[PDB]
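These notes concern the structure reproduced below.
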Amino acid sequence: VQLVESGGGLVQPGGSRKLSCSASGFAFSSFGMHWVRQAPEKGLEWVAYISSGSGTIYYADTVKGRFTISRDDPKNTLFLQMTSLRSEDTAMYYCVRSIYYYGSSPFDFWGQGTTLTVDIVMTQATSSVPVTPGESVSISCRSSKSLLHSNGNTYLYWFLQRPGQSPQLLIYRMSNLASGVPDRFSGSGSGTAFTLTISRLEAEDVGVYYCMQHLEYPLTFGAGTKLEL
Amino acid sequence: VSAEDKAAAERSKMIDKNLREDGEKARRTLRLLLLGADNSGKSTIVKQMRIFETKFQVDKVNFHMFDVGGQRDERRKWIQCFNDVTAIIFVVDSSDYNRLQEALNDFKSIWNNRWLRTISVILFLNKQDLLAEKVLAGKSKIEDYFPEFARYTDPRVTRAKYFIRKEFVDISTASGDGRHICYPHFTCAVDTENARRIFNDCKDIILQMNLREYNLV
Amino acid sequence: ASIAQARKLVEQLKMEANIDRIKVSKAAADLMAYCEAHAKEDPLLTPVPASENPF
Amino acid sequence: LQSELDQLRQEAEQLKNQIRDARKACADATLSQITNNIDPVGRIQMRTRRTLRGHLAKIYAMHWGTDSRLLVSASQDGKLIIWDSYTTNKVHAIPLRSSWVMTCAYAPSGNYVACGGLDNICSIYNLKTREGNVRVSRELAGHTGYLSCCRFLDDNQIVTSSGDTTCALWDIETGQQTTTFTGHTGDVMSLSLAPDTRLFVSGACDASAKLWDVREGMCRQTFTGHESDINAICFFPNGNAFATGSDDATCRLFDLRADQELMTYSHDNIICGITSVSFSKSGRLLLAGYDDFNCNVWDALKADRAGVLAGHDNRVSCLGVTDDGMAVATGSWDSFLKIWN
């Protein structure tokens, strides 16, 4: 599995840019691809979405109409058309793979993001915690609506972003765990407030985590809970 | 309904679309079962081969003929898997009258089958090349192993060759009428209208089954 | 070829006969005990409430 | 066949009149003498709650997932489908190399699914992979007869029963042969692993079933109480009994410790044979899929029919209760799966 996209650079405002992703190493036609932006020092903001095949397109409100999403299945290619480079357009865009069937783990893989310079509110009140290594951490995030759906699963996702690394999946859909993720990771919480209680944290854990919802398709991001010393 | 549930439903819809796409291809072709004896030479019955299956098309219609192998001499449980084929090709060679009794008993067993009551058989009498040279000399006749192989209608070769057909049609029309009918043919090693005879039999089989399915017979 | 009988007269036959067997009563009124003790947790004998039932 | 066959043929029978005598000695009751005063389960009714359509050819096997939600259906169209019973969604559609498949099983962890048919090979598929698709994990060849029942012991070992009179256990990682259970004199049709997963039973076409020791390797006992082929078998939830579904229009059950036949479960008006059997959650209800497009529900203690499961226009070939006993997943030759209550 290897996802990559290219087409970054500098844009004079009012111009168009063809941003394309070169998927490789997996069944591309059976994966609903996404796109997630991130300003240089602000935080992730999901921008668009394409389903398996050519189904629903789910642009975000801030870029609706201005950006277009296209894919080319037989060559294993994904795109993101951009028009009218804006002031907030300066961000690093990521392509994240997800599949939706019973028991699947969406947002499992991300590609190394390219930088192109120029409404369920979820808040992580702590944007910086100096956590002593070896003991524990209790990263928390809260929402405005109850993520507990009728089918019985809350749709909160956790991610990890080490310096110089694409985001990686973490405890997803409340207390579920992804592949390649150590068993020390755990997280539970009710609707409107969640936690990320980790057991015996070690090195290579310092990074800015994120809390995203998946109930209503506008997928707001938390502020982030980057650690330190 | 959740967004993830919606995407799962769309994935399921694509799954049914792809599954239904293959249904047209599956229904277009015709399925045949090949069976007989070890000495029958069933493989060379279809000289144009193009579970040992073969895929031959004559008159631009495809047939998939399955030759079951490796299984024991029971056919009691794996024959309850082919009750959807167009016909069963029972190939028996008449080179020896010592085994024709066993062959006709096998045909009786497979024709009077509960799961094969509504499926027809096309009888291929393989190896008709040496029947002449076995009856032209007459050094060992069928009347040695049978009571009344002493009347039937080279003339001698044909009168000898039609008695086995009389016995087999007697077996076929002993029990079971209308639903399934045997198709006695005569096949050789160098004969070329073997697949043609198979096609000419299965078109009539389909015609009969459509007659029954439109209630005209 | 004394293998058809050997596996059928000293391997399987001589071993099947030498097995501790209990009277049928203690098995009949053990299946009975199991099914009586699991009547409340059997959602086909006693249908669950509609809300509880996921179908 | 020497003087040890005018001797060791009787001595192959001396242990048969001294076993039936031992067998018929420990019988001071029948099942309907201590299960007589228990009130009947009543006219058990069960409507269909979800009809899983989508298959084209006839269905031959159906296995429930351990999570009581997913199930895998095997049909003669060469396609394997993993379902979501709650929403009737199709999780996967795995094409098959051999269009003739008569077996299907779900791994207890849910990470694997096995299938096998006239190809005499059990192909084991990996469900959850980083690749994103379903591909074969192993190609378990080395068996001559057609496969008739596959059951997953663990995530790495599987037990298969074929038509060459041999039940036989593999190891998925190596793909080689660990133990071969021999002694049947006919095509083995069914298999039912015990809840403790240290024993299993299998019914062949010799009117006899054998309880095998999967750890050790030899048949503990043989159960002869039928007169035709045994094409169905299932294990009691308590692990001390099991039921045989035979094609002689009757379905008997046996007790492992008693080593006898307890009841017959036969009706005079029923002539068609049985295809599949299963106990629901406590062994009181014995679901049995028959050949006349029906599936009777038997009060096991009382040997009386509690209900019928009509709704299939072709013969029922698959029958399985879920782990929590909340539903049934009967599937028939009409290419339609059905979920009852």
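Chains as they are written, first to last, in our numbering: chain F, 189 to 417; chain D, 7 to 223; chain B, 6 to 60; chain Y, 1292 to 1632.
Virtual Cβ for every residue (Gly too), placed ideally from N, Cα, C.
The beta carbon of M55(D) sits no closer than 9 Å to any beta carbon of chain F. At least one CB atom of chain D sits nearer than 9 Å to the CB of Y289(F). In its chain, beyond the 5 residues on either side, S1366 and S1626 have a beta carbon closer than 6 Å to the beta carbon of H1346(Y).
By the criterion of a C-beta distance shorter than 8 Å, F409(F) is surrounded in its chain by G231, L232, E233, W234, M310, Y398, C399 and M400, once the five residues flanking it on both sides are discounted.
Under the Cβ criterion of 9 Å, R185(D) is not counted among the residues facing chain Y. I257(F) sits in coil when the DSSP states are folded into three classes, being neither helix nor strand. Nearest in C-alpha terms to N104(D), of all of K172(D), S146(D) and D160(D), is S146(D). Burial state of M71(D) is buried, judged by a 10 Å Cβ sphere holding 16 or more other Cβ atoms. With its beta carbon less than 9 Å from one in chain Y, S7(B) belongs to the interface. By the beta-carbon neighbour count (other beta carbons within 10 angstroms, threshold 16), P294(F) is buried. Ranked by Cα distance from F1584(Y), the options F1570(Y), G1564(Y) and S1573(Y) are led by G1564(Y). Of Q10(B), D47(B) and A22(B), the smallest CA-CA separation from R1511(Y) is found for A22(B). With a 10 Å radius around the Cβ and a threshold of 16 neighbouring Cβ atoms, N1328(Y) comes out exposed. Residue-level contact check: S8(D) touches chain F, since one or more beta carbons of chain F fall below 9 Å from its beta carbon. From the beta-carbon of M1480(Y), the residues of chain D found nearer than 8 Å are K83.
Leaving aside the five residues that flank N1417(Y) on each side, the residues in its chain whose CB is nearer than 8 Å to its CB run, in chain order, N1402, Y1403, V1425, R1426, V1427 and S1428. Cβ neighbours of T271(F) within its own chain (closer than 6 Å, five residues either side excluded): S204 and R254.
Taking C-alpha positions only, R185(D) is separated from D90(D) by approximately 14 Å. Neighbourhood of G1345(Y) in chain D, by CB distance below 7 Å: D22 and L25, in chain order. A straight line joining the alpha-carbon of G379(F) with that of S338(F) spans about 12 Å. Scanning its chain for C-beta atoms nearer than 7 Å, with the 5 sequence neighbours on each side dropped, one finds around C329(F) the residues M310, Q312, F382, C399 and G410, in chain order. By alpha-carbon distance to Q1467(Y), the top candidate from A1432(Y), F1527(Y), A1495(Y) and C1496(Y) is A1432(Y).
Of all alpha-carbon atoms in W223(F), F216(F), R225(F) and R285(F), the one lying nearest the alpha-carbon of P262(F) is that of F216(F).
For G1401(Y), the closest Cβ of chain F is nearer than 9 Å.
The beta carbon of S331(F) lies closer than 7 Å to those of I308, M310, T380 and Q401 in the same chain, with the five residues before and after it left out. When C-beta atoms of the region 125-139 of chain D are compared with those of the region 172-192 of chain D, three or more pairs fall below 8 Å, so the two segments count as touching.
Taken atom to atom, the span from the alpha-carbon of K83(D) to that of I245(F) is near 52 Å. Under the three-state reduction of DSSP, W298(F) is assigned to strand. With respect to the 9 Å criterion, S363(F) and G352(F) are not classified as neighbours on the basis of their beta carbons. Distances from the alpha-carbon of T1379(Y) to those of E30(D), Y220(D), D176(D) and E16(D) put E16(D) closest. Counting C-beta pairs closer than 8 Å gives fewer than three between the region 1502-1510 of chain Y and the region 1476-1483 of chain Y, which falls short of the contact rule.
Contact of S18(D) with chain Y is assigned, a C-beta pair being separated by under 9 Å. In this structure, the alpha-carbon of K133(D) lies about 20 Å from that of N206(D). Collapsing the DSSP output to three states places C87(D) in coil. One alpha carbon belongs to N1605(Y), the other to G1580(Y), and they sit about 12 Å apart. In this structure, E1302(Y) places its C-beta atom within 9 Å of the C-beta atom of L14(B).
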